[PDB]
Structure formats: C-alpha cells, structure tokens
Amino acid sequence: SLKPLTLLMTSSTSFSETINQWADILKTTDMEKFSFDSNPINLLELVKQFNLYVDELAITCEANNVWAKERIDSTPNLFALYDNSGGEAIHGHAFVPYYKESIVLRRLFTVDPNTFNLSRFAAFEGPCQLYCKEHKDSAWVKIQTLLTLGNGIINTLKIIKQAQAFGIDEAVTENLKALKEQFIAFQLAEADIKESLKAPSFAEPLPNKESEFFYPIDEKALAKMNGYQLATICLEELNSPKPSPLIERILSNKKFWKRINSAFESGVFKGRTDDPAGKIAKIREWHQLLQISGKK
Amino acid sequence: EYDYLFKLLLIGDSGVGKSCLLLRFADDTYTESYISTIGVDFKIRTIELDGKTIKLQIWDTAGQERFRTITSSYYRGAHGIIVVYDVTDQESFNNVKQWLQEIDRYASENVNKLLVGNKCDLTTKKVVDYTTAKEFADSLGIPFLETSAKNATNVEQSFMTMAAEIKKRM
Ligand SMILES: Nc1nc2c(ncn2[C@@H]2O[C@H](COP(=O)(O)OP(=O)(O)O)[C@@H](O)[C@H]2O)c(=O)[nH]1
Ligand SMILES: [K+]
Ligand SMILES: [K+]
Ligand SMILES: [K+]
Ligand SMILES: [K+]
Ligand SMILES: [K+]
Ligand SMILES: [Mg+2]
C-alpha cells in the first residue's frame with residue numbers, strides 16, 4: 001500500500017506561495033510511490049486566493065502606470081484600435097474604448113467562484129487576442145500568460161477532483177503530470193513578469209475623479225457612444241459603491257436616455273452574472289430621480 | 001455495465017454554443033446566463049444504439065486562443081471531435097478552417113469529425129446559409145448539422161450521428 005498524497009493549503013497564505021509549495025511537493029516526490037487523493041483539496045479557497053492575486057496584480061500595473069509604458073497612440077486604450085464590433089453588444093458587453101486596462105485585466109481573468117469559470121467579458125476578447133498577436137513580449141502578453149496559467153491550475157484540479165469522482169483514472173494520472181508542468185510554467189512566468197512591471201520614467205498621470213473603470217470621457221466622445229455602449233458603461237459604474245460623477249453625467253443628459261433604455265429593453269444584458277436586473281432597475285431609478293431635479 | 005465508451009470533444013470559437021449543446025444533450029437544460037468555460041470540462045451521458053449501450057465521455061473546451069495549450073491536450077484521446085460554429089457569426093464559420101487544422105495538428109490519425117452550426121433558431125440574425133456550410137462540409141466528407149441548443153432542434157440527433165459514425169469505424 002502506497003502513501004496517500006494530497007495538496008493542502010494553509011488558511012491565509014497567498015496564491016503565489018501556495019503554488020510554490022505544491023510545486024515542491026510535486027517536483028520532489030516520485031509520484032509512483034503515492035496514491036493521490038484530491039478530496040481534501042480546497043478549490044474554493046484557491047479560487048478566492050487567486051482572484052485576490054489577480055486583483056493585486058491589476059493594482060500594480062495601474063499604479064506603476066505600466067500601461068503608459070505600453071503605448072504608441074492616444075487611442076483611449078491599448079486595445080481600442082482592435083475593435084471591429086461596431087459597438088454591438090457581445091454576450092452582454094459592448095466594446096468601450098475607454099476601459100482602463102487594469103479593469104480589462106480583472107475581467108478577463110478573475111474566476112467566478114460559483115462556477116470555477118469566467119463571467120463573459122466578450123467585447124474585449126477579440127481585440128485582446130489581436131493585440132497579443134501584434135505585440136509579443138508586450139506586458140499584456142507576459143501578464144496574460146501568467147494569469148492563464150493561474151486559470152489553468154484551477155481548471156486542472158477541478159478536472160482531477162471531477163475525474164476521481166467518476167473513476168476516470170487515465171485522466172487523473174495524466175492530469176497530475178500536466179499539473180506539475182503548469183506548476184513550473186507558472187513559476188517561470190511569475191519571474192519573467194517582474195521586468196514588465198517596472199514603473200516608467202514619465203510621471204504618474206493625475207487620477208480620474210469621475211470613474212473607477214474608465215479613462216476620462218469628454219462630452220464629445222461620450223455623445224458618439226451608442227445605446228449598448230452607454231448601457232455597458234452604466235452597468236460598469238454600478239460596481240462602484242457610491243454613484244460616480246460619470247454615471248451622473250450620463251444619466252442626467254436627456255438625449256442619451258432613449259438609446260440607453262432601448263439597449264436595456266433589447267435583453268442583451270439578461271444573462272450577466274452581475275445582477276443585471278437589479279442594476280437596470282437602479283439605473284432607471286437614478287435616471288427618474290435626476291430628471292425630476294433637472295426640471296428647473 | 002456498459003458496452004462501449006466513446007470519448008468526444010467539442011471545439012470551436014468562443015461563445016458559439018459548445019457548452020449549451022453539451023448541457024442540453026447531457027441534462028436537457030439550458031441557461032441564458034453568460035459564462036465562458038475555462039480550460040476544459042466533461043460530461044457523461046449514456047446512449048443506447050442497436051441496441052448496445054454506449055457511455056459518452058464528452059469533453060468541452062475553451063474557445064479562446066490563450067487556452068490552446070490546455071485544450072490541445074485532449075485532442076489525441078478523442079474518438080470524435082465536433083467542431084462548432086455559430087450561424088449568426090460569420091467569422092466563427094471562417095474559422096472552421098483553423099479548427100480543422102488544429103484537429104490535424106493534434107488529434108488522432110482517424111478521428112471522427114462533425115460540423116455543427118449552432119444557434120440555428122436565430123433566423124433573422126443568421127448569416128451562414130445551410131447550403132454554403134453544407135457544401136463546404138461535403139467538400140471534405142464531414143457530416144453537417146444545423147442545431148439550436150436553446151430550442152433542442154437537432155442536438156440529440158447530432159451526438160447520435162457522431163456516435164453511430166464511430167461504431168461503424170470500430
Ligand atoms: N439563440 C441561441 N443562443 C445561444 C445558443 N447557444 C448559445 N447561445 C448563446 O450564446 C452564449 C454562449 O454559449 P456557450 O455555451 O457559453 O458557448 P461556448 O463558449 O461555445 O461554450 C450562451 O450563454 C447563449 O446566450 C442557441 O442554440 N440558440
Ligand atoms: K472538499
Ligand atoms: K504584484
Ligand atoms: K451601487
Ligand atoms: K470597486
Ligand atoms: K439569445
Ligand atoms: Mg463554453
């Protein structure tokens with residue numbers, strides 16, 4: 001009878017070292033002499049810890065102003081040039097060129113702890129994979145590599161737990177091989193990023209009093225935005241706690257409302273995991289409020 | 001306690017319907033809600049044919065480019081791959097080309113293919129004519145079905161067909 005093996009987790013230790021620990025265990029153990037038990041493995045906590053890492057990473061990119069390092073335009077964000085959506089909604093999101101990259105980052109990578117999957121941020125998925133093609137070596141590529149590995153690890157383990165549950169051994173055995181490889185791969189990628197994160201020499205651009213999510217959007221630019229687009233923006237701003245100056249602008253302006261609303265009624269937002277129904281209602285409220293106030 | 005075990009694989013662009021297909025077919029349900037599959041997942045339904053009972057180990061894959069490392073692992077093991085495109089999505093069809101290439105690059109020598117045009121119920125928003133698709137399909141002797149995972153339209157028939165097509169080759 002061969003020793004039982006599992007990959008446990010200390011209560012507060014971070015994703016990075018957690019991986020690193022498992023990385024040792026997996027490297028230094030002749031996996032032939034053990035029988036792997038995935039039951040004690042705490043996906044939920046790992047997911048929690050990972051999303052927490054995604055967040056921290058996102059924060060430093062913004063803070064170190066990594067994105068400015070990474071420009072050649074003044075096009076509203078790194079990916080703007082790569083949108084061919086025609087401001088359509090794509091699985092609940094329209095493309096809005098003003099999104100901060102660090103928001104884009106979080107949304108392509110954080111893991112829905114509920115599903116161990118991704119909540120669609122679709123409008124940027126094409127533009128992003130495009131930018132990647134035309135900018136190997138770019139921080140976004142290096143970062144996304146790293147984060148995808150993150151994602152991978154989680155998925156692998158889920159697949160192991162699941163396969164064990166159904167006795168599918170071919171899978172469980174092979175997936176352990178892979179997991180180890182993802183493990184190292186992750187550790188490399190983690191090292192490799194450290195350069196790409198270095199704060200450029202040009203000074204920190206001055207904070208945006210108006211939104212947590214979008215770069216500034218002047219009234220000219222905002223006006224060219226469509227129903228789905230403004231709609232998309234409203235839903236995003238509701239991820240702040242206090243109402244934003246930006247959403248107030250949008251909701252106060254009488255011209256923007258018809259298209260915002262029809263966007264809503266169109267139903268493209270129905271399937272969002274971010275309580276669309278609730279958000280929509282609240283947006284309607286705030287709009288109703290505002291039109292009362294602007295009746296002077 | 002089963003007669004056969006076929007390993008199946010759905011590939012295709014992101015959001016073309018792979019997972020709703022797998023879901024309607026396995027659990028006979030559908031959720032409107034927007035989730036993108038990470039890496040892979042697998043569901044297992046047992047089918048009966050001729051009238052041997054066949055266990056289907058169906059593996060769902062992520063469409064995105066960045067998952068390819070992973071998805072590509074599960075290619076060699078598959079008895080049959082279903083490539084899926086979304087009939088209202090032009091590029092998704094244009095992409096079948098690469099998807100077929102990825103099959104050549106990764107899966108077995110003799111893997112059983114199947115082209116599926118999903119979201120067929122969206123009549124007004126459609127853009128890929130059954131004909132044009134079916135011709136391309138026939139160009140390569142790969143069976144082809146339009147389907148709506150939402151409506152159930154042909155989802156059952158699709159996996160049946162893929163399964164039968166496999167037994168024939170065993
Ligand atoms: N009308 C219609 N919409 C669909 C159908 N299948 C998928 N969709 C929509 O497209 C989304 C993406 O499907 P999903 O299974 O996530 O695609 P995957 O990324 O290929 O697995 C779904 O959540 C639905 O909103 C279908 O058969 N008919
Ligand atoms: K557990
Ligand atoms: K960091
Ligand atoms: K709020
Ligand atoms: K927040
Ligand atoms: K729909
Ligand atoms: Mg999917």
# chains A, B, ... in the order shown; residues from 1 in each chain; ligands from 1
call {"tool": "residues_around", "arguments": {"residues": "residue B:1", "least_positions_apart": "2", "cutoff": "10 Å", "atoms": "only C-alpha atoms", "output": "PyMOL selection string"}}
result
chain B and resi 3-4+53+55
call {"tool": "write_last_selection", "arguments": {"atoms": "C-alpha atoms", "output": "CSV table (one decimal), in the first residue's frame"}}
result
chain,number,residue,atom,x,y,z
B,3,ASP,CA,-21.0,-2.0,-23.9
B,4,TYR,CA,-18.8,0.9,-25.3
B,53,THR,CA,-25.4,0.9,-24.6
B,55,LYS,CA,-21.1,5.6,-22.5
call {"tool": "residues_around", "arguments": {"residues": "residue B:63", "least_positions_apart": "2", "cutoff": "7 Å", "atoms": "only C-alpha atoms", "output": "MDAnalysis selection string"}}
result
chainID B and resid 11:14 61 65
call {"tool": "residues_around", "arguments": {"residues": "stretch 139-143 of chain A", "least_positions_apart": "4", "cutoff": "8 Å", "atoms": "only C-alpha atoms", "output": "list in words"}}
result
residues 66, 70, 132, 135, 147, 189, 192, 193, 196 and 197 of chain A
call {"tool": "select_by_dssp", "arguments": {"residues": "stretch 87-159 of chain A", "states": "helix (DSSP H, G or I)", "output": "VMD selection string"}}
result
chain A and resid 101 to 109 122 to 133 139 to 159
call {"tool": "write_last_selection", "arguments": {"atoms": "N, CA and C atoms", "output": "short mmCIF file (atom, residue, chain, number, x, y, z; two decimals), in the first residue's frame"}}
result
data_model
loop_
_atom_site.label_atom_id
_atom_site.label_comp_id
_atom_site.auth_asym_id
_atom_site.auth_seq_id
_atom_site.Cartn_x
_atom_site.Cartn_y
_atom_site.Cartn_z
N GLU A 101 -7.10 49.47 -18.68
CA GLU A 101 -6.58 48.14 -18.94
C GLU A 101 -6.66 47.27 -17.72
N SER A 102 -6.45 47.85 -16.54
CA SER A 102 -6.48 47.03 -15.32
C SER A 102 -7.87 46.46 -15.01
N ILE A 103 -8.93 47.16 -15.43
CA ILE A 103 -10.28 46.62 -15.39
C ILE A 103 -10.42 45.53 -16.43
N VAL A 104 -9.90 45.78 -17.61
CA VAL A 104 -9.98 44.75 -18.62
C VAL A 104 -9.28 43.52 -18.10
N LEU A 105 -8.22 43.74 -17.35
CA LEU A 105 -7.39 42.65 -16.89
C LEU A 105 -8.18 41.77 -15.95
N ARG A 106 -8.74 42.42 -14.93
CA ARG A 106 -9.51 41.76 -13.90
C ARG A 106 -10.63 40.93 -14.54
N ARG A 107 -11.31 41.52 -15.52
CA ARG A 107 -12.49 40.92 -16.13
C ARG A 107 -12.20 39.76 -17.07
N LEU A 108 -11.05 39.75 -17.72
CA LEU A 108 -10.69 38.57 -18.47
C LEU A 108 -10.14 37.44 -17.57
N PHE A 109 -9.80 37.75 -16.32
CA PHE A 109 -9.11 36.73 -15.55
C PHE A 109 -9.71 36.25 -14.23
N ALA A 122 -16.88 39.71 -23.16
CA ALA A 122 -16.71 39.24 -24.55
C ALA A 122 -16.24 40.28 -25.55
N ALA A 123 -16.63 41.51 -25.32
CA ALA A 123 -16.40 42.54 -26.28
C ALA A 123 -14.91 42.82 -26.41
N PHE A 124 -14.15 42.49 -25.37
CA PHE A 124 -12.73 42.72 -25.41
C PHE A 124 -11.97 41.47 -25.73
N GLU A 125 -12.65 40.36 -25.99
CA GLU A 125 -11.89 39.13 -26.11
C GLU A 125 -11.17 39.08 -27.43
N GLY A 126 -11.86 39.48 -28.50
CA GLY A 126 -11.24 39.55 -29.81
C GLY A 126 -10.13 40.57 -29.85
N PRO A 127 -10.45 41.85 -29.58
CA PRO A 127 -9.45 42.90 -29.55
C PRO A 127 -8.22 42.51 -28.78
N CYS A 128 -8.38 41.75 -27.73
CA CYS A 128 -7.23 41.43 -26.91
C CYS A 128 -6.32 40.39 -27.55
N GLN A 129 -6.91 39.33 -28.08
CA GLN A 129 -6.12 38.28 -28.69
C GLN A 129 -5.42 38.81 -29.91
N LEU A 130 -6.01 39.82 -30.54
CA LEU A 130 -5.40 40.51 -31.67
C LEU A 130 -4.16 41.26 -31.24
N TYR A 131 -4.32 42.14 -30.27
CA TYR A 131 -3.21 42.88 -29.74
C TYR A 131 -2.09 41.92 -29.38
N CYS A 132 -2.44 40.74 -28.89
CA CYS A 132 -1.39 39.83 -28.48
C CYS A 132 -0.58 39.42 -29.67
N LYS A 133 -1.25 39.04 -30.76
CA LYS A 133 -0.55 38.67 -31.99
C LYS A 133 0.45 39.76 -32.38
N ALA A 139 3.85 43.64 -22.17
CA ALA A 139 3.50 43.29 -20.78
C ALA A 139 2.19 42.51 -20.75
N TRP A 140 1.19 43.02 -21.47
CA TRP A 140 -0.08 42.33 -21.56
C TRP A 140 0.10 40.88 -21.90
N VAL A 141 1.02 40.55 -22.80
CA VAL A 141 1.19 39.16 -23.18
C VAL A 141 1.78 38.37 -22.04
N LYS A 142 2.80 38.96 -21.41
CA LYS A 142 3.52 38.32 -20.33
C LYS A 142 2.54 38.11 -19.19
N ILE A 143 1.86 39.18 -18.78
CA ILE A 143 0.82 39.08 -17.77
C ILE A 143 -0.21 38.00 -18.11
N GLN A 144 -0.81 38.07 -19.29
CA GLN A 144 -1.88 37.16 -19.61
C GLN A 144 -1.38 35.74 -19.56
N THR A 145 -0.13 35.52 -19.95
CA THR A 145 0.48 34.19 -19.85
C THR A 145 0.35 33.67 -18.43
N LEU A 146 0.97 34.43 -17.53
CA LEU A 146 0.91 34.23 -16.11
C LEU A 146 -0.52 33.93 -15.63
N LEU A 147 -1.44 34.86 -15.86
CA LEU A 147 -2.80 34.66 -15.37
C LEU A 147 -3.49 33.42 -15.95
N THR A 148 -3.30 33.17 -17.24
CA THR A 148 -3.89 31.99 -17.84
C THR A 148 -3.41 30.75 -17.13
N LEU A 149 -2.11 30.67 -16.86
CA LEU A 149 -1.56 29.59 -16.03
C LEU A 149 -2.33 29.48 -14.72
N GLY A 150 -2.46 30.60 -14.00
CA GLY A 150 -3.40 30.67 -12.88
C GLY A 150 -4.67 29.91 -13.18
N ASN A 151 -5.46 30.43 -14.12
CA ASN A 151 -6.69 29.77 -14.60
C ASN A 151 -6.51 28.28 -14.81
N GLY A 152 -5.42 27.91 -15.48
CA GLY A 152 -5.15 26.52 -15.82
C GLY A 152 -5.16 25.66 -14.58
N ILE A 153 -4.29 26.03 -13.65
CA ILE A 153 -4.10 25.29 -12.43
C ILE A 153 -5.45 24.96 -11.81
N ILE A 154 -6.28 25.99 -11.64
CA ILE A 154 -7.60 25.81 -11.09
C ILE A 154 -8.41 24.80 -11.88
N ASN A 155 -8.46 24.96 -13.20
CA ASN A 155 -9.17 24.02 -14.05
C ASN A 155 -8.62 22.60 -13.93
N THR A 156 -7.31 22.45 -14.02
CA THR A 156 -6.73 21.12 -13.86
C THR A 156 -7.24 20.41 -12.60
N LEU A 157 -7.07 21.05 -11.46
CA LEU A 157 -7.50 20.49 -10.19
C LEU A 157 -8.98 20.14 -10.23
N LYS A 158 -9.82 21.08 -10.64
CA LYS A 158 -11.23 20.75 -10.84
C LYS A 158 -11.36 19.47 -11.67
N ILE A 159 -10.66 19.37 -12.79
CA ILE A 159 -10.77 18.18 -13.62
C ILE A 159 -10.31 16.92 -12.88
#
call {"tool": "residues_near_ligand", "arguments": {"ligand": "ligand 7", "cutoff": "12 Å", "atoms": "only C-alpha atoms and all ligand atoms", "output": "count of residues only"}}
result
39
call {"tool": "residues_near_ligand", "arguments": {"ligand": "ligand 4", "cutoff": "10 Å", "atoms": "only C-alpha atoms and all ligand atoms", "output": "list in words"}}
result
residues 235, 236, 237, 238, 239, 240, 241, 242, 243, 244, 278, 279, 282 and 283 of chain A
